[PDB]
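2 protein chains.
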Amino acid sequence: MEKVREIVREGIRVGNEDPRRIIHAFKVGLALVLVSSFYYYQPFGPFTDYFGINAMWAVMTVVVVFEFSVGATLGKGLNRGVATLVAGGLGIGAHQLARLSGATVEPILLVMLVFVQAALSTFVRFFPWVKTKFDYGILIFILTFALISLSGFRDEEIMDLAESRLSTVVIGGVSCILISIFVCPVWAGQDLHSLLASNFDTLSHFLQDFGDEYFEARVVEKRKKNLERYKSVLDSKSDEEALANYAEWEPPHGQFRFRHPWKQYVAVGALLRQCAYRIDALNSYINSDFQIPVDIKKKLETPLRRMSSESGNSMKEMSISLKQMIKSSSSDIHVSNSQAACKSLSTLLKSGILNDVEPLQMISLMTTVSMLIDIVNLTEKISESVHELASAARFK
Amino acid sequence: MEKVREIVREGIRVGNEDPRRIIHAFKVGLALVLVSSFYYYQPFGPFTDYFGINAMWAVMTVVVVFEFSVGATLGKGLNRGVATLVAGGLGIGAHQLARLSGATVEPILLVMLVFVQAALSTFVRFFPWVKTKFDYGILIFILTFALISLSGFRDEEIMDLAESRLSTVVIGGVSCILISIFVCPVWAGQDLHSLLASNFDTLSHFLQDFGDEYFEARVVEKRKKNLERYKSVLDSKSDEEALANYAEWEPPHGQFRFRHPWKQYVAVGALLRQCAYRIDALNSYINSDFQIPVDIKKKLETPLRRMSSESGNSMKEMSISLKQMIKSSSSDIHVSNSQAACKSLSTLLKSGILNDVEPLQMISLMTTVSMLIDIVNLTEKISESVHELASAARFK
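Taken in sequence, the protein lines are chains A and B.
If you read the first sequence in this note's numbering, its first letter stands for residue 6, the second for the next number, and so on.
If you read the second sequence in this note's numbering, its first letter stands for residue 6, the second for the next number, and so on.
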């Protein structure tokens, strides 16, 4: 009973997390019905179905080449398609060779060829260039070759077997691709933009709410969760890569172009990760119980404040532009003011106001100043990268 | 020609990277031959092969359930096994129901059941609890149910079809598992230990060679590559998870136990990542062209040096123990001396020797002192975690 309730509760949590995870089941269902309706009503004239396995093969390929995205269906489909053709060709030919050899060695020779081919192909699987986008093609190549070359049938029906396998595969793939590109689609590149924009906004929110915590200007658990929310940015390496890879087979679905540079998206993601690198260091200083007396804080309050405010506005403005997919240069004035703020702080440091203080408490105050200066420089670099990701791609 | 040479050159690079990537192809080959030799010589009496697809199914399942590890074959095998049984059972039964209904609705009713079942199963696929280790079971469940319930055969041969499918699957899985656990095996947990030990050693090497660079005690590209080698530690999140998941199906292969706590391995990996977090910050200070005059460096040389030396020895000693799989407490004396070093530095800071210096160059020197103190504290925490990962598991 309690286990049943826990299972049910996860249902609403997953369903309400994303409304598109409950409409994809109906799509899988409509697939497995449309394909299984063509055969029964056998249109476009009659067929052969010599081995009586057309229905099984058509149904099977529709379940394994239908994935959540629309950039993981074309790719899987194209692999399952080509591989079979090539493997079949090489197969039907091989059977001719063994016939000439005779009637006793013929089975032994066939085994040797399939052994060598399987070993060579599965060694290629370990390469770092065919593993990112071609891990399925090699697997189907081994599968199709071994099935056709060692089916156990007679030599006067191998051509029909090869034709039947190819026909079922292409029929299933065509139906699966059409559905997922007509009735309520889900694109994969469009899930890389929003992810990048959310990362920008999350960092901005933390930066815009730093002066209150650091200067003690002020429930506690709720505010802690709001502050400590940068973990996502630091824990999204394995996901920004995949979605980028999955988004190279997409067609030009409207505004997005054929050659959209997703490589720059990963580069900008790394730069945002570097900003979050130092942010985690800064946050640990605040969380720590040890503290320095608040009185000193006012002495250098003015310079530190300016940095936090201008930094946050720059990030937020960029996420706004990157989202609406329109280029802008509003962040230039904000980063310029931040550079002016650092120069003013340096001029203030000439006066040496920070003298006559305890060196032990000085170490903590000094480290904070260090982190802020890097974030001002790091933001400047990120500004250049974004100012070009919106130029190589058409952001009109 | 040039493309051919590039392809060939990658061959030696991949082959010499790991000698075990060239012996796994022969294993795949021996598999696809042994299975295909049983049928031809039909031992243990004769069989039926009513539909003439036993050879195809046996060959097919051997190519898709053979993976590089030995913790990704049992798992895949067990899934492909159970799923079919359960799905078949539910299938043969469903056919009985439709018969009672009549002879016209019978096909329409069957389609409705398979539609509902497919939609429900593929929604479960999106859960975060059945995706880490059970993403294959659901897929085979949909596959087997849809094939049996919609094969298109007569009602007097469905039982034989279900029996044939189950028999081929179990035969292929048994052969594939036996090979990969008898002739030259490759374990997956054993590839998590060495990875953790290598991470420990890499961090130690950087820490043990910090005083020379920071104090200018001293080709350049070679030394830069030796220093800047911490990227691996920071870029191994997506791999320490997988290998851990793949290593829950392993049997007690000798010293390793049935319930080895790989969760603690991931926790120690996160702690090492936190040490590498701050290490990258420290390295960027060195790389930067801007510098502070070397003269001041000697003033506080003694405290900083001690920290680097003792820190490195502690890491190295641990990797030695963790590798030979024997517990030790040699790192206790090293971290204790580091704590003594920090107290001595604090006592030196009482005297305020660092006065009468330029505040602008002071910021850089001060930040370095900050980073070192955290690494001394962070190392202490890691010592506690390691001192228990070797206790929950049997490290005798």
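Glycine included, each C-beta is placed from N, C-alpha and C at the ideal position.
Chain B contact residues for A/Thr352, given Cβ-Cβ distances below 9 Å: The premise fails here: A/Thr352 is roughly 11 Å from chain B at the closest Cβ pair, so nothing lies under 9 Å.
Residue-level contact to chain B via CB, A/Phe132, 9 Å cutoff: It does: the Cβ of A/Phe132 has a partner Cβ on chain B nearer than 9 Å.
Cβ of A/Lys242 within 9 Å of any chain B Cβ: Yes, contact with chain B.
Neighbouring residues, chain A, relative to B/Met65 (Cβ below 9 Å): Taking a Cβ-Cβ threshold of 9 Å, the residues of chain A close to B/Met65 are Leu148, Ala151 and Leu152, in chain order.
Pairwise C-alpha distance: B/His339 and B/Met323: In this structure, the alpha-carbon of B/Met323 lies about 11 Å from that of B/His339.
Close Cβ partners of A/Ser388 (< 7 Å) along its chain, the five nearest in sequence each way excluded: Taken in chain order, the residues that qualify are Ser336 and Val340.
Beta carbon proximity, A/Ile387 to chain B, threshold 9 Å: Closer than 9 Å: no.
Through-space distance from B/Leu327 to B/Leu200, alpha-carbon basis: Roughly 11 Å between the two C-alpha positions.
Contact list for the stretch 363 to 386 of chain B against chain A, Cβ threshold 9 Å: Within the stretch 363 to 386 of chain B, the qualifying residues are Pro364, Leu365, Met367, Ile368, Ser369, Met371, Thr372, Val374, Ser375, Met376, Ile378 and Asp379.
Residues from the stretch 10 to 27 of chain A in contact with chain B, defined by Cβ distance under 8 Å: Taking 8 Å as the Cβ-Cβ cut-off against chain B, the residues of the stretch 10 to 27 of chain A that qualify are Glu15, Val19, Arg26 and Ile27.
Minimum Cβ-Cβ distance from A/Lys355 to chain B less than 9 Å: Answer yes: the Cβ-Cβ gap between A/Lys355 and chain B drops below 9 Å somewhere.
Which of helix, strand or coil DSSP assigns to residue 2 of chain A: Here chain A has residues from 6 to 401 only, and residue 2 of chain A is not among them.
Identity of the residue in B/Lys355, B/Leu277 and B/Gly178 nearest B/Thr89 by Cα: Sorting B/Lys355, B/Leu277 and B/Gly178 by C-alpha distance to the C-alpha of B/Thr89 places B/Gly178 at the top.
Unbroken stretches of the beta strand (DSSP E), 3 residues or longer, contained in the stretch 302 to 333 of chain A: For the stretch 302 to 333 of chain A, not a single whole beta strand (DSSP E) run of length 3 or above is found.
Validate contact between the stretch 166 to 178 of chain B and the stretch 63 to 70 of chain B using beta carbons, cut 8 Å, 3 pairs: Taking 8 Å as the limit for Cβ pairs, the verdict is that the stretch 63 to 70 of chain B does touch the stretch 166 to 178 of chain B.
Within 9 Å, strictly: CB atoms of A/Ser375 and B/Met371: At a Cβ-Cβ threshold of 9 Å, A/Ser375 and B/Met371 count as neighbours.
A/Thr149 versus B/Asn318: straight-line alpha-carbon distance, rounded: A/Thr149 and B/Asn318 have their alpha carbons spaced roughly 56 Å apart.
Within-9 Å CB hit, B/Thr173 to chain A: With 9 Å as the cut-off, B/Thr173 does not count as an interface residue toward chain A.
Minimum Cβ-Cβ distance from A/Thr78 to chain B less than 9 Å: Put simply, the CB of A/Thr78 is far from chain B, with every gap to its CB atoms at 9 Å or more.
Contact under 9 Å by Cβ, B/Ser154 with B/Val119: Contact: yes.
Given A/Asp214 as reference, the closest of A/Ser237, A/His100, A/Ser316 and A/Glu385 once Cα atoms are compared: Scanning A/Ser237, A/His100, A/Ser316 and A/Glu385 for the CA closest to the CA of A/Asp214 turns up A/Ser316.
Burial state of A/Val33, where buried means 16 or more other Cβ atoms lie within 10 Å: With 16 or more neighbouring CB atoms inside 10 Å of its own CB, A/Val33 falls in the buried class.
Against chain A: residues of the stretch 267 to 299 of chain B by CB proximity under 7 Å: Of all residues in the stretch 267 to 299 of chain B, only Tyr282, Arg283, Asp285 and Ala286 place a beta-carbon less than 7 Å from a beta-carbon of chain A.
Buried or exposed by the 16-neighbour rule on C-beta atoms within 10 Å, applied to B/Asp379: Around the beta carbon of B/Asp379, 16 or more other beta carbons sit within 10 angstroms, so the residue counts as buried.
Interface flag, B/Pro112 vs chain A, CB-CB below 9 Å: With 9 Å as the cut-off, B/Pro112 counts as an interface residue toward chain A.
A/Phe263 at chain B interface by Cβ criterion, 9 Å: Interface criterion not met: the Cβ of A/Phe263 is under 9 Å from no Cβ in chain B.
Own chain residues within Cβ distance below 7 Å of B/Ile184, not counting five before or after: The answer, listed in chain order, is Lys32, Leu35 and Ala36.
Neighbour-count burial assignment, B/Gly80, 16 or more Cβ in a 10 Å radius: Buried: at least 16 other Cβ atoms inside 10 Å.
Distance between A/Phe128 and B/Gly20 (C-alpha atoms, nearest Å): Between B/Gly20 and A/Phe128, the C-alpha separation is close to 9 Å.
Chain-ordered chain B contacts of A/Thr127 [CB-CB under 8 Å]: Going along chain B in sequence order, the residues near A/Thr127 (Cβ under 8 Å) are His29, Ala30 and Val33.
Selection from A/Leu197, A/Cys181 and A/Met117 that minimises the alpha carbon distance to A/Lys268: Nearest neighbour of A/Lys268 by Cα position, chosen from A/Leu197, A/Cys181 and A/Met117, turns out to be A/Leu197.
Short Cβ contact (9 Å threshold) for B/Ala281 with B/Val238: Yes, the pair counts as a contact, with Cβ atoms nearer than the cut-off.
Beta-carbon proximity check, B/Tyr235 vs B/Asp285, cutoff 9 Å: Against a cut-off of 9 Å, the Cβ pair of B/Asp285 and B/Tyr235 comes out as a contact.
Residues of the stretch 92 to 122 of chain B with Cβ closer than 8 Å to any Cβ of chain A, in chain order: For the stretch 92 to 122 of chain B, which is checked against every Cβ of chain A, the residues closer than 8 Å are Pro112, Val116, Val119, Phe120 and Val121.
Interface flag, B/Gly157 vs chain A, CB-CB below 9 Å: Interface residue, yes.
Nearest residue (CA-CA) to B/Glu253, options B/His265, B/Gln260 and B/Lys355: If we check each option's Cα against that of B/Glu253, B/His265 comes out closest.
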